[PDB]
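The residues making up each chain are set out below.
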Amino acid sequence: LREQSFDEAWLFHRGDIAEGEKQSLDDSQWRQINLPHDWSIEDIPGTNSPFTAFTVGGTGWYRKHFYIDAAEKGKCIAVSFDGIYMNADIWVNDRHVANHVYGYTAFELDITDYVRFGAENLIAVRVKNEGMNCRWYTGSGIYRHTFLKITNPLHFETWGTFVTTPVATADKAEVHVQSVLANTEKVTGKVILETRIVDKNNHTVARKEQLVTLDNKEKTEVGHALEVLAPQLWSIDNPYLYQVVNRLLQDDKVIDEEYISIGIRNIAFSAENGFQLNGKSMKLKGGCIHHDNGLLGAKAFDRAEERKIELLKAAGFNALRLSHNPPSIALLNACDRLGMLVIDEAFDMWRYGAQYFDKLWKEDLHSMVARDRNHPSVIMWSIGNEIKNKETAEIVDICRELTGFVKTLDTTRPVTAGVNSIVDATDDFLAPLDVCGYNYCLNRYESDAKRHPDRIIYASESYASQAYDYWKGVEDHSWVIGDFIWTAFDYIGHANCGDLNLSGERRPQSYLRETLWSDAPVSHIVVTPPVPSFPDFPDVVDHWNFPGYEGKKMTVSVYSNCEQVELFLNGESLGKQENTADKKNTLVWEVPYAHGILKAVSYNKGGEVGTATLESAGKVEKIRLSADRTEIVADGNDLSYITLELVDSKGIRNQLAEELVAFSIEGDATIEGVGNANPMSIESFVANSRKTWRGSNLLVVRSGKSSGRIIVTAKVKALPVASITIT
C-alpha cells in the first residue's frame, strides 16, 4: 500500500512530560485515541467546561507504536500530517526529526533513516499551542488526517504533479500533466512515464506514454499533454470529476503510481465580463468560513467537512472564502465533488502580531499552493487578510514577494487578498493582485472603477445587516464579481454572525439572503422577541410562542422577493403590502400576539405564488430524534449527526424548551460530541449530557470498527425515553 491512514491507535498525554519522546518511557496508562483529535474542545482538566472564566491550549504529547515490514527495507518511508496546531516537534525512535510551526499547513517527514525494518517503531509528537487565540478558536493537537507513505527510491515527488487544462471547451480539452520525479540515489536510467485519464466510471479516455532518461540531478522534471474528446466540464451544477493515473514503469514493472482527481473547466476574470465559468458569466454567491466544526472543535473528520459543504450548498452558496488559512484536504475534496468554488487563503496578518513570518512564509505558502493547486474547486489564491500599514512601501513589497511566489507554482488562477479601509493610496498594494477583495467597502465599487477600469472587485467580507445593498452592488456592476458574507457558518470565538448557526441550521439572515439569490419565489416569517435574546443582524426569532404577551403588539417581519405579501393571524388579514425597493425585501406588520397561525401569502403579477406559515408550538410532549444518515461505515471514523428536538403533539419544535438531555449509546460506537446553538453557552462539548436551546440540540456519533447496530438513547425529565437506531 503506497499511502495508508496513520490515524489509528495513538496515545495522548495532556501537558508537558519529561522524556515524552523516549522509547523507555512507560506510556501504558496514556489515553488511547484515534486521530483526528483536538484537546482544547475537551474540558479543561479539573473543571467541566472547555472555556475559562476563552479556551486553553498549552502543551500536549502524542505517541504511536507502529510496525514496518522487513520487506519494505530499501524503500522510502514518510509520515505526513495535514495539520498540527501548532509548533510541533517530532521524534522517531528517540531521534529528533523535525519542527513545524504553522498550525494550518500540511507537511511530510522523511523518516527512512530513523526506522527499523521488521520491528516496532515509536513516533512521538510534542504540540505547543501558546498563542492568545482571541479572534477565533484554533483547537490544539493533531486535528487532521495523517498518512504513512512507502515508495521506491524513484518515485513521484509529493505535490510535484500539477495537472492543468489550458484548453477546455465543449468539443475537447487539453490536459497538461507536469511531474517531478524524486530520483533519490541520482540513479541513471530510462523510465516510462505512463499517463492515463479515466472518467467517473474509471473508463480510460486518454492515455500517453513518454520515455524519460533520468537527469543526473536529484529531481527530474517531466510533462506532456493529453486530449479528452467531448469532456464533461466541471461546474457548480455538474461537478464532474476525472482521475489522472500516473505510473512510472521499469522493465514492464510499476515502480510508483499516483491518482489525482481533476475537474476540467475554464475560469476567466475581467472587469468587463466579471467571473466566467466555462464561458458563462456568473456572480459568486459567497460566504466566509473558519475551520472549526463547532461541537467537534478543530477535528476535521471527512464527514464533518463534507456535511458543512452540503449544508452550505443547500442554503444556496456557490463559493466559499476559507478565512484565513488553508483548510483540510477533506474540505477541498468535498468542494470538488459537490460543486463549490473556493478562495484558498494562506495567511491572516503578515508581520503585525507573527514572530516567524519572515523565516517561514515561503514554506507555508508553498505548502498551500503545491498541496491544493489540482482542486478544480479552487479559483483564487488569497495571500492575506486585512494587512496593517498596507500603504507603506515595505508592506507593498511584501505583497509583491508573496504574489510572485504563488506564481512560481501556479499561474492558472488569480492572486487576491482581503483588504479593508481602502483609500486612493492603497493603489500600489492592490496593483500586484489579479482580483481585489474589498472588506466592507461597497462605497468604493464605482469610484475605484472610474480610477482603474481594469480593476476587478469582490466583497471579500460583507455585513449581514447590509445584505441587500451589498448584493445590489454585485448585480449592478460587471467588475464586481460576487460577495462573501461574514460568515456563512457560525464559529467558536461565540461569533453569532453566521448564516448557519453552530449546529448547521439556517438563521434568519440566511432567509433574507435567499431572497436576494433565489430564482424562485421566497418568503419567510420571523418575529422580534419582546425582550432581547442576549443581554450585526437584527434580533429576530422564527417562532410564535410569546406566553404572557397576549394582545401586545409584536413586530412580525416577512423577508420576500415577491411583489406583494399579505399577512394573516389565525385567518384574519393584517393587510397586503407592496414589496417596494425601499423595503429591502423586508415587510413589517405590528401584530397583537395570539397563539395560533401566522400565514403570509405572496403574489407575483397579481397571482398567488406561495404560502408561508409560522405556528405556535403546543406544550412539549416528546423528544424527536433524527439522524442525517442512518447508515454509516464501520471504519472508526465515519459520523452520524443526530438532531434532537423537543416537540408538541403535532411535531412542532417548542423553542421555549431548554432542558437537560442525558444521552447514552449501545453498540460499537462512541459519542464524539454534544452541542447546541446557544452562543453564550459554556457547556461541555465532550460530555454525555447537554441542554437543549430553543428546543433543540445536536449529538455526533463516531462509528466503531465492527458492524452491527448502534442505539442512541435520549432522556429528558417528564418525557418518554426516546431512542434511534443507526447501522
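Along each chain, numbering proceeds from 1 in written sequence order. Entry numbering may differ, and residues lacking coordinates are not shown. The side-chain figures draw on all heavy atoms in the structure; neither hydrogens nor water molecules are used. Residues with missing side-chain atoms are left out of burial classes, side-chain pairs and their counts.

1. Some points on the overall build of the chain
No. 1: Runs of E in the DSSP output that reach at least two residues are strands. Runs of H or I that reach at least four are helices, and both are numbered from the N terminus. For the chain, the helix and strand inventory stands at eight helices and 44 strands.
No. 2: In this description the radius of gyration comes from C-alpha coordinates, and the expected globular size is given by 2.2 Å times residues to the power 0.38. For 727 residues, the compact-globule formula gives about 27 Å, and the C-alpha radius of gyration of the chain, at 27 Å, lands near that figure.
No. 3: Based on the C-alpha atoms only, the size of the chain along its principal axes is roughly 90 × 65 × 55 Å.

2. Topic: the nonpolar core
As a rule of thumb, nonpolar side chains are buried together in soluble globular proteins.
No. 1: The criterion is simple. A nonpolar core is a set of buried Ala, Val, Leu, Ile, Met, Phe, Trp, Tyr and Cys residues joined through side-chain atoms within 4.5 Å. Relative accessibility under 20% of the residue-type maximum defines a buried residue, over 50% an exposed one, and the middle range a partly exposed one, all with a 1.4 Å probe and only protein chains included. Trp 350 and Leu 365 are the most contacted members of the largest nonpolar core, which has 96 residues in total.
No. 2: If one sorts the elements of this core by residue count, helix α4 (residues 393-409) sits on top with eight residues.
No. 3: Contacts are assigned to residue pairs that have any heavy atoms within 4.5 Å of one another. Those residues in contact with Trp 350 that lie beyond four places of it in its chain are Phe 357, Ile 383, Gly 384, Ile 387, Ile 395, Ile 398, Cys 399, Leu 402 and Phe 429.
No. 4: If you look at the next biggest cluster of nonpolar residues, it comprises 27 residues, including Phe 6, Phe 12, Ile 68 and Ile 150.

3. Observations regarding the packing of helix α3 (residues 357-372) against α4
No. 1: As a packed pair, α3 and α4 sit with axes 10 Å apart at the nearest point and diverge in direction by 35°. Judged by the sense of rotation from one axis to the other, the crossing of α3 with α4 is right-handed. Between α3, through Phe 357, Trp 361, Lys 362, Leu 365, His 366, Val 369 and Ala 370, and α4, the contact on the second element is made entirely by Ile 398, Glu 401, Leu 402, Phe 405, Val 406 and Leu 409. Here the axes come from fitting lines to C-alpha atoms, over the contacting stretch only for helices, and the angles between their N-to-C directions go from 0 to 180 degrees. Here is the rule for handedness: rotate from the far helix to the near one, and if that takes an anticlockwise turn smaller than a right angle the crossing is left-handed, while a clockwise turn gives right-handed.

4. Side note on helix α7 (residues 467-475)
No. 1: All of the buried residues along α7 are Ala 467, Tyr 470, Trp 471, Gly 473 and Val 474. The buried residues of α7 all sit within an arc of 150° when viewed along its axis, so they share a single face.
No. 2: Buried residues belonging to α7 abut β22 (284-289), α6 (445-451), β28 (457-462), β29 (480-485) and α8 (508-517). Directions drawn from the helix axis to the C-beta atoms are what define this arc.

5. Examining the packing of aromatic side chains
No. 1: Only rings of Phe, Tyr and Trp enter the pairing, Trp through its six-membered ring, and a pair is recorded when the two centres are within 6.5 Å. The plane angle decides the type: under 30 degrees is stacked, over 60 is edge-to-face, the rest tilted. If you walk through the whole model with that rule in mind, you get 27 aromatic pairs.
No. 2: Ring plane angle 75° and centroid distance 5.9 Å describe the contact between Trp 486 and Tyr 491, whose orientation is recorded as edge-to-face.
No. 3: Chaining the aromatic ring pairs together yields one cluster made of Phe 6, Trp 10, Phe 12, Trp 39, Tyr 62 and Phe 66.
No. 4: The ring of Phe 6 carries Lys 64 above its face, with NZ or CZ at 3.9 Å from the centroid.
No. 5: Whether a charge sits over a ring comes down to the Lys NZ or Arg CZ being within 6 Å of the ring centre and within 35 degrees of the ring normal. The residue whose ring lies beneath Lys 576 is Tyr 603, and the NZ or CZ to ring-centre distance is 4.1 Å.

6. As for the domain arrangement of the chain
No. 1: Each domain's extent was defined by an automatic or database domain assignment. Here the chain is described as being made up of domain 1 (1-150), domain 2 (151-263), domain 3 (264-519), domain 4 (520-618) and domain 5 (619-727).
No. 2: Inter-centroid distance (C-alpha atoms) of domain 1 to domain 4 is 52 Å.

7. Brief notes about the state of the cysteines
No. 1: In this description, the term disulfide denotes a pair of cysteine sulfurs within 2.5 Å. One pass over the structure, following the stated rule, counts zero disulfides.
No. 2: Of the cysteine sulfurs around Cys 134, a residue in no disulfide, the closest is that of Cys 497, at 14 Å.
No. 3: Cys 436 takes part in no disulfide bond, and the closest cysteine sulfur, belonging to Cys 399, lies 9.2 Å away.
No. 4: A relative accessible area of 3% places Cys 436 in the buried class.

8. Topic: the environment of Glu 108
No. 1: The topology assignment puts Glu 108 in strand β8 (residues 107-110).
No. 2: The residues touching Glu 108, leaving out its near neighbours within four places in the chain, are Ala 78, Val 79, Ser 80, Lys 149 and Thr 158.
No. 3: The term polar contact refers here to a pair of N or O atoms within 3.5 Å; inside protein, the definition further demands a hydrogen-donor-capable atom paired with an acceptor-capable atom, and it admits residues adjacent in sequence only when both atoms are side-chain atoms. Here the side chain of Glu 108 touches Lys 149 through a polar contact of 3.3 Å, side chain to side chain.

9. Considerations on the pattern of salt bridges
No. 1: Basic side-chain nitrogens of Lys or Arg form a salt bridge, by our definition, when they fall within 4 Å of a carboxyl oxygen of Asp or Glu. For the coordinates displayed, the defined rule picks out 45 salt bridges.
No. 2: Its salt-bridge partner being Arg 351, residue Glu 394 comes within 3.0 Å of it at the nearest N-O pair.
No. 3: The partly exposed category is assigned to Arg 351, whose relative accessible area is 37%.
No. 4: Within the structure, one salt-bridge network assembled from shared partners comprises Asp 424, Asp 427, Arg 444, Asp 448, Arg 451 and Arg 455.

10. Concerning the side chain of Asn 676
No. 1: Secondary-structure assignment places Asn 676 in the loop between β40 (669-675) and β41 (689-691).
No. 2: For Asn 676, the side chain forms a polar contact with the main-chain nitrogen of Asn 678, separated by 3.1 Å.
No. 3: A polar contact of 3.1 Å, which involves the side chain of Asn 676, links it to the side chain of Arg 690.
No. 4: In this structure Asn 676 touches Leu 502, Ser 503, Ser 681, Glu 683, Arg 690, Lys 691, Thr 692, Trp 693, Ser 696 and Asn 697, once residues within four positions along its chain are discounted.

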